[PDB]
file entry.pdb (PDB, N, CA and C atoms)
ATOM      1  N   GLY A   1      44.923 -20.528 -48.515  1.00  0.00           N
ATOM      2  CA  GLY A   1      46.064 -20.651 -49.438  1.00  0.00           C
ATOM      3  C   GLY A   1      47.247 -19.831 -48.984  1.00  0.00           C
ATOM      4  N   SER A   2      48.443 -20.334 -49.226  1.00  0.00           N
ATOM      5  CA  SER A   2      49.651 -19.625 -48.860  1.00  0.00           C
ATOM      6  C   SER A   2      49.913 -18.491 -49.843  1.00  0.00           C
ATOM      7  N   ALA A   3      49.494 -17.300 -49.472  1.00  0.00           N
ATOM      8  CA  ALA A   3      49.655 -16.140 -50.315  1.00  0.00           C
ATOM      9  C   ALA A   3      50.242 -14.992 -49.527  1.00  0.00           C
ATOM     10  N   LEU A   4      50.913 -14.099 -50.220  1.00  0.00           N
ATOM     11  CA  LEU A   4      51.543 -12.958 -49.581  1.00  0.00           C
ATOM     12  C   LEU A   4      50.521 -11.886 -49.240  1.00  0.00           C
ATOM     13  N   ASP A   5      49.483 -11.775 -50.047  1.00  0.00           N
ATOM     14  CA  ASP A   5      48.458 -10.783 -49.808  1.00  0.00           C
ATOM     15  C   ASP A   5      47.075 -11.358 -50.054  1.00  0.00           C
ATOM     16  N   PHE A   6      46.112 -10.873 -49.297  1.00  0.00           N
ATOM     17  CA  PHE A   6      44.723 -11.273 -49.459  1.00  0.00           C
ATOM     18  C   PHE A   6      43.934 -10.123 -50.077  1.00  0.00           C
ATOM     19  N   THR A   7      44.489  -8.932 -49.961  1.00  0.00           N
ATOM     20  CA  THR A   7      43.876  -7.739 -50.484  1.00  0.00           C
ATOM     21  C   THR A   7      44.786  -7.079 -51.517  1.00  0.00           C
ATOM     22  N   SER A   8      44.178  -6.403 -52.473  1.00  0.00           N
ATOM     23  CA  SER A   8      44.902  -5.771 -53.559  1.00  0.00           C
ATOM     24  C   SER A   8      45.784  -4.617 -53.064  1.00  0.00           C
ATOM     25  N   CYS A   9      45.457  -4.054 -51.912  1.00  0.00           N
ATOM     26  CA  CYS A   9      46.174  -2.884 -51.427  1.00  0.00           C
ATOM     27  C   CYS A   9      47.131  -3.169 -50.282  1.00  0.00           C
ATOM     28  N   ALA A  10      47.462  -4.424 -50.066  1.00  0.00           N
ATOM     29  CA  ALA A  10      48.418  -4.780 -49.012  1.00  0.00           C
ATOM     30  C   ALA A  10      49.793  -4.151 -49.291  1.00  0.00           C
ATOM     31  N   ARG A  11      50.126  -4.036 -50.564  1.00  0.00           N
ATOM     32  CA  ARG A  11      51.403  -3.470 -50.975  1.00  0.00           C
ATOM     33  C   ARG A  11      51.520  -1.986 -50.622  1.00  0.00           C
ATOM     34  N   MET A  12      50.411  -1.372 -50.170  1.00  0.00           N
ATOM     35  CA  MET A  12      50.425   0.040 -49.757  1.00  0.00           C
ATOM     36  C   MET A  12      51.489   0.298 -48.687  1.00  0.00           C
ATOM     37  N   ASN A  13      51.936  -0.759 -47.996  1.00  0.00           N
ATOM     38  CA  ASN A  13      52.935  -0.586 -46.949  1.00  0.00           C
ATOM     39  C   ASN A  13      54.266  -1.165 -47.397  1.00  0.00           C
ATOM     40  N   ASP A  14      54.473  -1.193 -48.704  1.00  0.00           N
ATOM     41  CA  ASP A  14      55.701  -1.730 -49.274  1.00  0.00           C
ATOM     42  C   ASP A  14      56.536  -0.587 -49.847  1.00  0.00           C
ATOM     43  N   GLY A  15      56.296   0.610 -49.335  1.00  0.00           N
ATOM     44  CA  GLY A  15      57.020   1.771 -49.790  1.00  0.00           C
ATOM     45  C   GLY A  15      56.283   2.516 -50.878  1.00  0.00           C
ATOM     46  N   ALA A  16      56.885   3.597 -51.364  1.00  0.00           N
ATOM     47  CA  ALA A  16      56.302   4.406 -52.432  1.00  0.00           C
ATOM     48  C   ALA A  16      55.986   3.563 -53.665  1.00  0.00           C
ATOM     49  N   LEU A  17      56.862   2.609 -53.972  1.00  0.00           N
ATOM     50  CA  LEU A  17      56.651   1.720 -55.107  1.00  0.00           C
ATOM     51  C   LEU A  17      55.397   0.895 -54.851  1.00  0.00           C
ATOM     52  N   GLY A  18      55.287   0.397 -53.624  1.00  0.00           N
ATOM     53  CA  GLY A  18      54.136  -0.379 -53.220  1.00  0.00           C
ATOM     54  C   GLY A  18      52.851   0.395 -53.366  1.00  0.00           C
ATOM     55  N   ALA A  19      52.895   1.688 -53.046  1.00  0.00           N
ATOM     56  CA  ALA A  19      51.732   2.561 -53.160  1.00  0.00           C
ATOM     57  C   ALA A  19      51.163   2.557 -54.576  1.00  0.00           C
ATOM     58  N   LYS A  20      52.047   2.616 -55.573  1.00  0.00           N
ATOM     59  CA  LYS A  20      51.610   2.598 -56.962  1.00  0.00           C
ATOM     60  C   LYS A  20      51.055   1.245 -57.339  1.00  0.00           C
ATOM     61  N   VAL A  21      51.715   0.186 -56.894  1.00  0.00           N
ATOM     62  CA  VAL A  21      51.243  -1.158 -57.171  1.00  0.00           C
ATOM     63  C   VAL A  21      49.866  -1.358 -56.542  1.00  0.00           C
ATOM     64  N   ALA A  22      49.736  -0.893 -55.309  1.00  0.00           N
ATOM     65  CA  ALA A  22      48.490  -0.972 -54.564  1.00  0.00           C
ATOM     66  C   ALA A  22      47.359  -0.272 -55.296  1.00  0.00           C
ATOM     67  N   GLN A  23      47.568   1.001 -55.620  1.00  0.00           N
ATOM     68  CA  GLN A  23      46.544   1.788 -56.287  1.00  0.00           C
ATOM     69  C   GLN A  23      46.191   1.179 -57.641  1.00  0.00           C
ATOM     70  N   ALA A  24      47.203   0.725 -58.374  1.00  0.00           N
ATOM     71  CA  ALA A  24      46.994   0.135 -59.691  1.00  0.00           C
ATOM     72  C   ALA A  24      46.170  -1.133 -59.583  1.00  0.00           C
ATOM     73  N   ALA A  25      46.568  -2.000 -58.665  1.00  0.00           N
ATOM     74  CA  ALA A  25      45.864  -3.248 -58.425  1.00  0.00           C
ATOM     75  C   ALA A  25      44.439  -2.983 -57.973  1.00  0.00           C
ATOM     76  N   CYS A  26      44.268  -1.941 -57.179  1.00  0.00           N
ATOM     77  CA  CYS A  26      42.968  -1.585 -56.651  1.00  0.00           C
ATOM     78  C   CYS A  26      42.066  -1.046 -57.751  1.00  0.00           C
ATOM     79  N   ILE A  27      42.556  -0.044 -58.473  1.00  0.00           N
ATOM     80  CA  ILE A  27      41.782   0.589 -59.525  1.00  0.00           C
ATOM     81  C   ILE A  27      41.344  -0.432 -60.557  1.00  0.00           C
ATOM     82  N   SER A  28      42.275  -1.262 -61.006  1.00  0.00           N
ATOM     83  CA  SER A  28      41.969  -2.281 -61.994  1.00  0.00           C
ATOM     84  C   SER A  28      40.862  -3.220 -61.508  1.00  0.00           C
ATOM     85  N   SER A  29      41.009  -3.734 -60.288  1.00  0.00           N
ATOM     86  CA  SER A  29      40.031  -4.655 -59.733  1.00  0.00           C
ATOM     87  C   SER A  29      38.657  -4.001 -59.598  1.00  0.00           C
ATOM     88  N   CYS A  30      38.645  -2.705 -59.322  1.00  0.00           N
ATOM     89  CA  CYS A  30      37.417  -1.973 -59.177  1.00  0.00           C
ATOM     90  C   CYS A  30      36.695  -1.859 -60.505  1.00  0.00           C
ATOM     91  N   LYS A  31      37.438  -1.525 -61.540  1.00  0.00           N
ATOM     92  CA  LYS A  31      36.887  -1.416 -62.884  1.00  0.00           C
ATOM     93  C   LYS A  31      36.212  -2.724 -63.301  1.00  0.00           C
ATOM     94  N   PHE A  32      36.860  -3.842 -62.992  1.00  0.00           N
ATOM     95  CA  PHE A  32      36.332  -5.161 -63.313  1.00  0.00           C
ATOM     96  C   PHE A  32      34.991  -5.450 -62.622  1.00  0.00           C
ATOM     97  N   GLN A  33      34.774  -4.862 -61.455  1.00  0.00           N
ATOM     98  CA  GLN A  33      33.524  -5.072 -60.724  1.00  0.00           C
ATOM     99  C   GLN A  33      32.545  -3.927 -60.952  1.00  0.00           C
ATOM    100  N   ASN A  34      32.800  -3.153 -62.004  1.00  0.00           N
ATOM    101  CA  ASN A  34      31.925  -2.054 -62.411  1.00  0.00           C
ATOM    102  C   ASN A  34      31.987  -0.908 -61.410  1.00  0.00           C
ATOM    103  N   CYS A  35      33.189  -0.514 -61.076  1.00  0.00           N
ATOM    104  CA  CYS A  35      33.404   0.605 -60.206  1.00  0.00           C
ATOM    105  C   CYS A  35      34.236   1.653 -60.922  1.00  0.00           C
ATOM    106  N   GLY A  36      33.812   2.903 -60.799  1.00  0.00           N
ATOM    107  CA  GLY A  36      34.473   4.014 -61.475  1.00  0.00           C
ATOM    108  C   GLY A  36      35.948   4.084 -61.188  1.00  0.00           C
ATOM    109  N   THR A  37      36.302   3.859 -59.950  1.00  0.00           N
ATOM    110  CA  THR A  37      37.681   3.886 -59.564  1.00  0.00           C
ATOM    111  C   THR A  37      37.903   3.099 -58.280  1.00  0.00           C
ATOM    112  N   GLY A  38      39.131   3.088 -57.836  1.00  0.00           N
ATOM    113  CA  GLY A  38      39.497   2.381 -56.648  1.00  0.00           C
ATOM    114  C   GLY A  38      40.616   3.073 -55.930  1.00  0.00           C
ATOM    115  N   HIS A  39      40.636   2.963 -54.626  1.00  0.00           N
ATOM    116  CA  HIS A  39      41.686   3.565 -53.846  1.00  0.00           C
ATOM    117  C   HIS A  39      41.962   2.731 -52.624  1.00  0.00           C
ATOM    118  N   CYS A  40      43.184   2.738 -52.192  1.00  0.00           N
ATOM    119  CA  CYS A  40      43.561   1.958 -51.050  1.00  0.00           C
ATOM    120  C   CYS A  40      43.240   2.691 -49.776  1.00  0.00           C
ATOM    121  N   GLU A  41      42.445   2.064 -48.947  1.00  0.00           N
ATOM    122  CA  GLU A  41      42.021   2.656 -47.713  1.00  0.00           C
ATOM    123  C   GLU A  41      42.254   1.673 -46.575  1.00  0.00           C
ATOM    124  N   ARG A  42      42.779   2.151 -45.474  1.00  0.00           N
ATOM    125  CA  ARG A  42      43.042   1.287 -44.346  1.00  0.00           C
ATOM    126  C   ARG A  42      41.869   1.254 -43.410  1.00  0.00           C
ATOM    127  N   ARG A  43      41.388   0.065 -43.157  1.00  0.00           N
ATOM    128  CA  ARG A  43      40.249  -0.126 -42.284  1.00  0.00           C
ATOM    129  C   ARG A  43      40.583  -1.137 -41.210  1.00  0.00           C
ATOM    130  N   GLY A  44      40.555  -0.690 -39.964  1.00  0.00           N
ATOM    131  CA  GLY A  44      40.927  -1.542 -38.849  1.00  0.00           C
ATOM    132  C   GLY A  44      42.344  -2.074 -38.981  1.00  0.00           C
ATOM    133  N   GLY A  45      43.264  -1.205 -39.390  1.00  0.00           N
ATOM    134  CA  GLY A  45      44.648  -1.610 -39.594  1.00  0.00           C
ATOM    135  C   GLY A  45      44.853  -2.436 -40.842  1.00  0.00           C
ATOM    136  N   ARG A  46      43.775  -2.767 -41.510  1.00  0.00           N
ATOM    137  CA  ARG A  46      43.844  -3.571 -42.706  1.00  0.00           C
ATOM    138  C   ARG A  46      43.884  -2.713 -43.955  1.00  0.00           C
ATOM    139  N   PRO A  47      44.974  -2.784 -44.714  1.00  0.00           N
ATOM    140  CA  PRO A  47      45.096  -2.067 -45.972  1.00  0.00           C
ATOM    141  C   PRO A  47      44.200  -2.686 -47.030  1.00  0.00           C
ATOM    142  N   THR A  48      43.047  -2.106 -47.227  1.00  0.00           N
ATOM    143  CA  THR A  48      42.063  -2.685 -48.103  1.00  0.00           C
ATOM    144  C   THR A  48      41.867  -1.845 -49.361  1.00  0.00           C
ATOM    145  N   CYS A  49      41.459  -2.493 -50.430  1.00  0.00           N
ATOM    146  CA  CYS A  49      41.136  -1.811 -51.655  1.00  0.00           C
ATOM    147  C   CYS A  49      39.664  -1.488 -51.658  1.00  0.00           C
ATOM    148  N   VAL A  50      39.345  -0.218 -51.640  1.00  0.00           N
ATOM    149  CA  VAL A  50      37.973   0.191 -51.633  1.00  0.00           C
ATOM    150  C   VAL A  50      37.631   0.937 -52.916  1.00  0.00           C
ATOM    151  N   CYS A  51      36.604   0.481 -53.572  1.00  0.00           N
ATOM    152  CA  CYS A  51      36.196   1.055 -54.825  1.00  0.00           C
ATOM    153  C   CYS A  51      35.282   2.231 -54.621  1.00  0.00           C
ATOM    154  N   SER A  52      35.450   3.224 -55.457  1.00  0.00           N
ATOM    155  CA  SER A  52      34.664   4.411 -55.387  1.00  0.00           C
ATOM    156  C   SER A  52      33.798   4.524 -56.632  1.00  0.00           C
ATOM    157  N   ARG A  53      32.584   5.026 -56.443  1.00  0.00           N
ATOM    158  CA  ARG A  53      31.626   5.225 -57.530  1.00  0.00           C
ATOM    159  C   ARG A  53      31.315   3.918 -58.257  1.00  0.00           C
ATOM    160  N   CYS A  54      30.700   3.010 -57.545  1.00  0.00           N
ATOM    161  CA  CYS A  54      30.319   1.731 -58.106  1.00  0.00           C
ATOM    162  C   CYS A  54      28.886   1.795 -58.596  1.00  0.00           C
ATOM    163  N   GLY A  55      28.548   0.962 -59.576  1.00  0.00           N
ATOM    164  CA  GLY A  55      27.203   0.970 -60.112  1.00  0.00           C
ATOM    165  C   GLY A  55      26.180   0.616 -59.061  1.00  0.00           C
ATOM    166  N   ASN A  56      26.381  -0.514 -58.420  1.00  0.00           N
ATOM    167  CA  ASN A  56      25.492  -0.957 -57.365  1.00  0.00           C
ATOM    168  C   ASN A  56      26.218  -0.949 -56.028  1.00  0.00           C
ATOM    169  N   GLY A  57      25.989   0.085 -55.232  1.00  0.00           N
ATOM    170  CA  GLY A  57      26.614   0.152 -53.928  1.00  0.00           C
ATOM    171  C   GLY A  57      27.032   1.557 -53.552  1.00  0.00           C
ATOM    172  N   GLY A  58      27.207   2.410 -54.549  1.00  0.00           N
ATOM    173  CA  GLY A  58      27.628   3.769 -54.285  1.00  0.00           C
ATOM    174  C   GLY A  58      29.123   3.869 -54.089  1.00  0.00           C
ATOM    175  N   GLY A  59      29.539   4.214 -52.886  1.00  0.00           N
ATOM    176  CA  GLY A  59      30.952   4.319 -52.592  1.00  0.00           C
ATOM    177  C   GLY A  59      31.205   4.505 -51.116  1.00  0.00           C
ATOM    178  N   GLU A  60      31.041   5.728 -50.646  1.00  0.00           N
ATOM    179  CA  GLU A  60      31.244   6.047 -49.241  1.00  0.00           C
ATOM    180  C   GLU A  60      30.542   7.350 -48.882  1.00  0.00           C
ATOM    181  N   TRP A  61      30.136   7.467 -47.628  1.00  0.00           N
ATOM    182  CA  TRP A  61      29.426   8.638 -47.133  1.00  0.00           C
ATOM    183  C   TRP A  61      29.798   8.884 -45.673  1.00  0.00           C
ATOM    184  N   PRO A  62      30.983   9.460 -45.418  1.00  0.00           N
ATOM    185  CA  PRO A  62      31.462   9.721 -44.052  1.00  0.00           C
ATOM    186  C   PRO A  62      30.642  10.799 -43.352  1.00  0.00           C
ATOM    187  N   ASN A  63      30.203  11.777 -44.120  1.00  0.00           N
ATOM    188  CA  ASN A  63      29.428  12.894 -43.589  1.00  0.00           C
ATOM    189  C   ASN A  63      27.938  12.596 -43.646  1.00  0.00           C
ATOM    190  N   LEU A  64      27.575  11.600 -44.457  1.00  0.00           N
ATOM    191  CA  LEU A  64      26.175  11.228 -44.684  1.00  0.00           C
ATOM    192  C   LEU A  64      25.369  12.395 -45.257  1.00  0.00           C
ATOM    193  N   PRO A  65      25.369  12.543 -46.593  1.00  0.00           N
ATOM    194  CA  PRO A  65      24.653  13.621 -47.270  1.00  0.00           C
ATOM    195  C   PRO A  65      23.160  13.329 -47.411  1.00  0.00           C
ATOM    196  N   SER A  66      22.480  14.169 -48.164  1.00  0.00           N
ATOM    197  CA  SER A  66      21.062  14.016 -48.393  1.00  0.00           C
ATOM    198  C   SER A  66      20.797  13.036 -49.541  1.00  0.00           C
ATOM    199  N   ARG A  67      19.531  12.758 -49.791  1.00  0.00           N
ATOM    200  CA  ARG A  67      19.150  11.843 -50.840  1.00  0.00           C
ATOM    201  C   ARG A  67      19.086  12.562 -52.177  1.00  0.00           C
ATOM    202  N   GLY A  68      18.348  13.655 -52.209  1.00  0.00           N
ATOM    203  CA  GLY A  68      18.197  14.417 -53.418  1.00  0.00           C
ATOM    204  C   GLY A  68      17.621  15.776 -53.138  1.00  0.00           C
TER
END

call {"tool": "encode", "arguments": {"input": "entry.pdb", "output": "structure tokens"}}
result
Amino acid sequence: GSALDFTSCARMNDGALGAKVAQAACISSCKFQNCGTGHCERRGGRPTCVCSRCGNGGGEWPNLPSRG
């Protein structure tokens, strides 16, 4: 489909205003999928919306912590 964005956080590169739109769009979409929050993260040059603290999936582990 002819769309301006495929990801909620594409606007992250639309200036400071875009940053707010990006984060807002991201956070909202995350909540809808049962995620505590959302933040715009760039992956492979791609400005993607990544949800943090999700019910099923966790979030992220860059340092890789312990289990318990």

call {"tool": "residues_near_point", "arguments": {"input": "entry.pdb", "point": "(51.0, -6.4, -51.2)", "cutoff": "12 Å", "atoms": "only C-alpha atoms", "output": "list in words"}}
result
residues 3, 4, 5, 6, 7, 8, 9, 10, 11, 12, 13, 14, 15, 17, 18, 19, 20, 21, 22, 23, 24, 25, 26, 40, 46, 47, 48 and 49 of chain A

call {"tool": "atom_distance", "arguments": {"input": "entry.pdb", "atom1": "atom N of residue 41 in chain A", "atom2": "atom C of residue 59 in chain A"}}
result
11.7 Å

call {"tool": "atom_distance", "arguments": {"input": "entry.pdb", "atom1": "atom C of residue 39 in chain A", "atom2": "CA of residue 60 in chain A"}}
result
11.7 Å

call {"tool": "atom_distance", "arguments": {"input": "entry.pdb", "atom1": "CA of residue 37 in chain A", "atom2": "CA of residue 54 in chain A"}}
result
7.8 Å

call {"tool": "select_by_dssp", "arguments": {"input": "entry.pdb", "residues": "range 21-64 of chain A", "states": "helix (DSSP H, G or I)", "output": "ChimeraX atom specification"}}
result
/A:21-32

call {"tool": "resolve_selection", "arguments": {"input": "entry.pdb", "expression": "the PyMOL selection byres ((chain A and resi 36) around 6.5)", "output": "number ranges by chain"}}
result
A: 30-31, 34-35, 37-38, 51-55

call {"tool": "write_last_selection", "arguments": {"input": "entry.pdb", "atoms": "N, CA and C atoms", "output": "compact mmCIF listing (two decimals), in the coordinates of the input"}}
result
# COMPACT_ATOMS: atom_id res chain seq x y z
N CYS A 30 38.65 -2.70 -59.32
CA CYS A 30 37.42 -1.97 -59.18
C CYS A 30 36.70 -1.86 -60.50
N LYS A 31 37.44 -1.52 -61.54
CA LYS A 31 36.89 -1.42 -62.88
C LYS A 31 36.21 -2.72 -63.30
N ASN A 34 32.80 -3.15 -62.00
CA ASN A 34 31.92 -2.05 -62.41
C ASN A 34 31.99 -0.91 -61.41
N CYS A 35 33.19 -0.51 -61.08
CA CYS A 35 33.40 0.60 -60.21
C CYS A 35 34.24 1.65 -60.92
N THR A 37 36.30 3.86 -59.95
CA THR A 37 37.68 3.89 -59.56
C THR A 37 37.90 3.10 -58.28
N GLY A 38 39.13 3.09 -57.84
CA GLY A 38 39.50 2.38 -56.65
C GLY A 38 40.62 3.07 -55.93
N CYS A 51 36.60 0.48 -53.57
CA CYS A 51 36.20 1.06 -54.82
C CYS A 51 35.28 2.23 -54.62
N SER A 52 35.45 3.22 -55.46
CA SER A 52 34.66 4.41 -55.39
C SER A 52 33.80 4.52 -56.63
N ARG A 53 32.58 5.03 -56.44
CA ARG A 53 31.63 5.22 -57.53
C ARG A 53 31.32 3.92 -58.26
N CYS A 54 30.70 3.01 -57.54
CA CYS A 54 30.32 1.73 -58.11
C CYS A 54 28.89 1.80 -58.60
N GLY A 55 28.55 0.96 -59.58
CA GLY A 55 27.20 0.97 -60.11
C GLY A 55 26.18 0.62 -59.06

call {"tool": "select_by_dssp", "arguments": {"input": "entry.pdb", "residues": "chain A", "states": "strand (DSSP E or B)", "output": "PyMOL selection string"}}
result
chain A and resi 35-43+46-54+58

call {"tool": "decode", "arguments": {"input": "entry.pdb", "residues": "chain A", "atoms": "C-alpha atoms", "output": "compact mmCIF listing (two decimals), in the first residue's frame"}}
result
# COMPACT_ATOMS: atom_id res chain seq x y z
CA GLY A 1 0.00 0.00 0.00
CA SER A 2 1.08 3.54 -0.72
CA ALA A 3 1.83 4.80 2.76
CA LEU A 4 4.23 7.32 4.22
CA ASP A 5 5.23 5.06 7.08
CA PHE A 6 5.22 1.35 7.79
CA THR A 7 6.34 1.73 11.37
CA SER A 8 4.90 3.85 14.17
CA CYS A 9 8.30 5.43 14.88
CA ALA A 10 9.25 6.54 11.37
CA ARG A 11 8.38 10.09 12.40
CA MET A 12 11.35 9.91 14.84
CA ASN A 13 13.35 11.54 12.03
CA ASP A 14 10.80 14.28 11.41
CA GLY A 15 12.34 16.60 13.97
CA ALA A 16 11.62 17.17 17.65
CA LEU A 17 7.90 17.28 16.84
CA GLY A 18 8.27 13.96 15.07
CA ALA A 19 9.95 12.51 18.15
CA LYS A 20 6.82 13.15 20.21
CA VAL A 21 4.54 11.80 17.51
CA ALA A 22 6.78 8.75 17.23
CA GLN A 23 6.88 8.03 20.95
CA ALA A 24 3.14 8.66 21.29
CA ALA A 25 2.29 6.41 18.37
CA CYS A 26 4.67 3.80 19.72
CA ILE A 27 3.49 3.85 23.33
CA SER A 28 -0.16 3.72 22.32
CA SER A 29 0.37 0.79 19.94
CA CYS A 30 2.31 -1.03 22.63
CA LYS A 31 -0.45 -0.65 25.19
CA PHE A 32 -2.91 -2.12 22.68
CA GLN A 33 -0.73 -5.25 22.34
CA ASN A 34 -0.45 -5.58 26.13
CA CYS A 35 2.87 -3.89 26.55
CA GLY A 36 3.74 -1.68 29.51
CA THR A 37 5.27 0.92 27.32
CA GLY A 38 6.86 1.64 24.00
CA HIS A 39 9.86 3.47 22.71
CA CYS A 40 11.30 4.24 19.35
CA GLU A 41 14.44 2.33 18.67
CA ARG A 42 16.47 2.25 15.49
CA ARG A 43 17.37 -1.17 14.25
CA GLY A 44 19.43 -1.60 11.12
CA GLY A 45 18.80 2.02 10.19
CA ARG A 46 15.12 1.33 10.56
CA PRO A 47 13.26 3.57 13.02
CA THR A 48 11.13 0.96 14.69
CA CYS A 49 8.67 1.03 17.55
CA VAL A 50 9.78 -1.39 20.18
CA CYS A 51 7.61 -2.19 23.13
CA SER A 52 9.01 -2.59 26.56
CA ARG A 53 7.66 -4.80 29.36
CA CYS A 54 5.22 -6.89 27.37
CA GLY A 55 3.11 -9.63 28.89
CA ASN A 56 4.29 -12.32 26.53
CA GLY A 57 7.77 -11.63 25.21
CA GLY A 58 9.50 -9.60 27.88
CA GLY A 59 11.24 -6.66 26.29
CA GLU A 60 14.99 -6.56 25.78
CA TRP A 61 18.17 -7.96 27.32
CA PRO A 62 21.35 -6.35 25.86
CA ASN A 63 23.49 -7.48 28.79
CA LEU A 64 21.62 -10.78 29.16
CA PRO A 65 20.81 -11.04 32.91
CA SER A 66 20.07 -14.09 35.02
CA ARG A 67 16.81 -16.01 35.26
CA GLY A 68 16.11 -15.68 38.95
